[PDB]
Amino acid sequence: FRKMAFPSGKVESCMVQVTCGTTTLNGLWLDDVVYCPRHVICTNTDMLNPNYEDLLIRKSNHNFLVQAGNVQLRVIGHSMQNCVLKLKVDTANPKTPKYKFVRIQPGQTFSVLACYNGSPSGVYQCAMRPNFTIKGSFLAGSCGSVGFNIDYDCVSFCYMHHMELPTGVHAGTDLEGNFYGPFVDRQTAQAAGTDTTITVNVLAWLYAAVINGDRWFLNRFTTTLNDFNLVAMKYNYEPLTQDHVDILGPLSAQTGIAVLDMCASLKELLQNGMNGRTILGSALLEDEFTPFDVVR
Amino acid sequence: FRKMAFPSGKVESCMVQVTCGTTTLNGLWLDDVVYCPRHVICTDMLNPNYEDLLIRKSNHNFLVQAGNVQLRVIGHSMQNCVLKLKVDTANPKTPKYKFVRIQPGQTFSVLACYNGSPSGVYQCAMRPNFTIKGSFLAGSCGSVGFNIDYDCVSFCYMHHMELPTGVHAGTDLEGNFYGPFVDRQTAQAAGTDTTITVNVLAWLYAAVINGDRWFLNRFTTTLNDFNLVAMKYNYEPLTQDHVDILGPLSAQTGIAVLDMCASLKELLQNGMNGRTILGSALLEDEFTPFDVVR
Ligand SMILES: *C(=O)[C@H](C[C@@H]1CCNC1=O)NC(=O)[C@H](CC1CCCCC1)NC(=O)c1cc2ccccc2[nH]1
Ligand SMILES: *C(=O)[C@H](C[C@@H]1CCNC1=O)NC(=O)[C@H](CC1CCCCC1)NC(=O)c1cc2ccccc2[nH]1
């Protein structure tokens, strides 16, 4: 069991470089529109309290240099949607995949294609934390990189990168420019909320462990949802909702370990620790695989 | 800090499906050649005579499909443990590529594929015992490992089999196995593995370059004394080449290699006492000095 990213070729073909004055970052080219963070129109002067409408009315089409590899794309229109800028260009991307813009929920995973200067550099799997940040790996110029899932030839874009918080975790928007989490595109003091562990993902990961031959943590017991939730609250774990139990249904049946039976295992893991042992290859309870991620 | 794979698009455009008899696996289509594991021609698995198995095949016994398109095989030959199927059509999306043979400790991306269609991408390392700790299911054979550098894809691994311990064995793209393995279903066992010491040190440098110094100390060590200690924890010996390779990261952080060796010695002695390094509760050994810089 390894953390696995989706194959990224369909998205690589959509990445372009956007330059506005002094700032260069990445854009997502789909049909005849390039999408990118609206903060690309900020200078050092504006970054602390921008008036994005004002700054945008100032700009004209030729203020944006869009580069698809060696080819410059001519901007013929510009617009803002929430915190994303939409640059209408000369030419529709001839490799636009089947795609959707989707908004994901905390606890869900996606692949990140990290890009610099419009050129894809690396790909890795992320989870939307319960505090709406991303534990990413993003350097200067990574803004505009996207997160996505693929479902049978259809790419669902869910994330575009905007910022790094002082703790080193990351914040961005969906592709309609709506931020994940209580963050703003302003150079002001911002902090992530206290994070919590994604309980249903930990359980799915334990089921993944049983499937792969590590069963030392299983026991004979079972808990209640109410009793397990008091434990989860003590250890900063997301409450296990009744719907969470249902999505684990397939894994309980394949292994014969009922969810509250596996919760009894997790309950004890939260106190005995691992007693010097390892679960999959990890000395920590891993919470960035969804039930779907384990089954696939 | 993440285990990052290379973008897989250039390799996705090369994956095809090869069927021989009742067996389907993946092939790598570059120009007018499809490369795949020669054991696609087995029915036979304990003591195959591949020379005899192959002379009985004709071109039409190999069904090659690139997506919906069937590729006509016009010839075939065997190069060590890989089959080279000459096809009627050159891959129009062949990238700039090379075939490279890697040494233990080297990392690469794996594009896991099934029925010629890519399924996922992840980072991997060649273990000191010439296995890889992959994630491969039935039908993954022919999946390839690669690095990409300046739009040039360097293919270094093709998947052949799973050992009884659950680790994986395969060949370079000229069909020479990594390690003492053969394409037979006989009893073969990965030798005892070790931790890639040079990679653990690179990663501790990465920890320093980011924010963390809590594991440093005031000691140094000789290279010989470090190796005498580290081998008691099943670490690979550190060589002068490894010390040289770490020079750039040493000079960038101000921490002499042997001073970082002293810190590693103490980390092995003490554990991390409830802390993490980068993101991990264990000493990570699948990042190379090169991976850290990039
Ligand atoms: C876009 O490419 C970068 C990506 C950052 C750079 C470093 N690591 C990343 O992920 N985005 C930024 O640099 C933003 C730009 C701002 C423009 C105006 C609106 C808000 C975003 N800045 C930051 O991410 C930033 C500034 C800052 C200051 C002090 C501590 C942390 C910190 N992070
Ligand atoms: C190719 O697709 C598969 C990949 C395997 C399947 C499961 N996980 C993998 O990586 N390759 C095989 O199944 C090989 C078949 C050839 C191997 C040698 C030459 C002829 C056939 N077999 C194994 O990987 C295998 C069989 C086996 C039996 C008992 C213990 C371990 C074991 N591994």
Side-chain angles (χ1 to χ4, degrees), chain A residues 17-18 20 22-27 36-50 52 55 83 112 114-118 133-134 136-145 160-173 179 183-186 188-192, chain B residues 17-18 20 23-27 36-50 53 81 110 112-115 131-132 134-143 158-171 177 181-190 210:
Chain A
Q17 172 180 179
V18 181
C20 193
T22 185
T23 294
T24 294
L25 46 67
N26 308 284
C36 81
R38 76 175 168 174
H39 74 58
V40 76
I41 68 177
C42 292
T43 80
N44 301 350
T45 299
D46 321 296
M47 271 169 185
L48 310 164
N49 188 181
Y52 278 109
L55 304 173
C83 304
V112 171
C115 301
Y116 298 92
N117 297 292
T133 67
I134 290 308
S137 197
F138 282 124
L139 297 163
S142 56
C143 283
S145 302
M160 164 165 279
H161 183 57
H162 289 243
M163 314 172 329
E164 181 177 292
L165 298 174
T167 175
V169 305
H170 299 100
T173 62
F179 257 97
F183 308 116
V184 296
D185 49 353
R186 276 143 213 252
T188 197
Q190 318 192 48
Chain B
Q17 175 166 229
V18 185
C20 183
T23 307
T24 295
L25 41 67
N26 307 283
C36 71
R38 76 179 170 168
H39 68 69
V40 72
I41 70 183
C42 293
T43 65
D44 263 331
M45 262 152 279
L46 294 171
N47 291 280
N49 188 310
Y50 288 101
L53 290 176
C81 301
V110 167
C113 299
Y114 297 92
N115 299 292
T131 70
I132 74 169
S135 166
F136 287 123
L137 291 171
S140 59
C141 290
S143 294
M158 173 168 275
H159 183 52
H160 290 242
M161 62 199 194
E162 188 169 283
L163 298 167
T165 166
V167 299
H168 301 101
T171 65
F177 261 91
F181 308 109
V182 301
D183 45 6
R184 291 165 69 186
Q185 282 198 358
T186 44
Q188 24 193 345
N210 287 338

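Here is the naming used below: chain letters follow the sequence lines, and residue numbers restart at 1 for every chain. Ligands are counted one by one from 1 in listed order, and the atoms in each one are counted from 1 as well. For the numbers below, each heavy atom of this structure counts, side chains included, while hydrogens, waters and symmetry mates do not.
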Out of B:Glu162, B:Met45, B:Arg184, B:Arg38, whose heavy atom sits nearest atom 32 (C) of ligand 2?
B:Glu162

Identity of the nearest option to atom 15 (C) of ligand 2, non-hydrogen atoms only, from B:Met161, B:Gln185, B:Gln188:
B:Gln185

Is there a polar contact between ligand 1 and A:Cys143, counting only N or O atoms under 3.5 Å apart?
yes

Got an N/O contact under 3.5 Å between A:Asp185 and ligand 1?
no

Keeping the roles fixed (side chain from [X], backbone from [Y]), state whether a donor-acceptor pair exists under 3.5 Å.
| X | Y | result |
| --- | --- | --- |
| B:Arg184 | B:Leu46 | yes |
| A:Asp185 | A:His39 | no |
| B:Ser143 | B:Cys113 | yes |
| A:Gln17 | A:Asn117 | yes |

Heavy atom of A:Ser142 under 4.0 Å from ligand 1?
yes

Starting at [atom1] of [X], measure out to [atom2] of [Y] and round the result to the nearest 0.5 Å.
| X | Y | atom1 | atom2 | result |
| --- | --- | --- | --- | --- |
| B:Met158 | B:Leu25 | CE | CG | 8.5 Å |
| B:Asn47 | B:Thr186 | CG | OG1 | 7.5 Å |
| B:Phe136 | B:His168 | CZ | NE2 | 6.5 Å |
| A:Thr23 | A:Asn44 | OG1 | CG | 7.5 Å |

For ligand 2, is there an N or O atom under 3.5 Å from any N or O atom of [X]?
| X | result |
| --- | --- |
| B:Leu163 | no |
| B:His159 | yes |
| B:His39 | no |

[X] neighbourhood, listing ligand 1 atoms whose heavy-atom distance to it stays under 4.0 Å:
| X | value |
| --- | --- |
| A:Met47 | 17 (C), 18 (C) |
| A:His170 | 10 (O) |
| A:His162 | 11 (N), 14 (C) |

In terms of atom number and element, which parts of ligand 2 are under 4.0 angstrom from non-hydrogen atoms of [X]?
| X | result |
| --- | --- |
| B:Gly139 | 2 (O) |
| B:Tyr50 | 19 (C) |
| B:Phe136 | 8 (N), 10 (O) |

Assert yes or no for the condition that the ring centre distance of B:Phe177 to B:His160 is strictly below 6.0 Å.
yes

May I ask whether [atom] is less than 4.0 Å from at least one protein heavy atom?
| atom | value |
| --- | --- |
| atom 27 (C) of ligand 2 | no |
| atom 13 (O) of ligand 2 | no |
| atom 20 (C) of ligand 2 | yes |

Kindly indicate whether the side chain of B:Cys141, heavy atoms from C-beta on, has any atom under 4.5 Å from the side chain of B:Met161.
no

Would you call B:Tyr50 and B:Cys42 a side-chain contact if the rule is heavy atoms closer than 4.5 Å?
yes

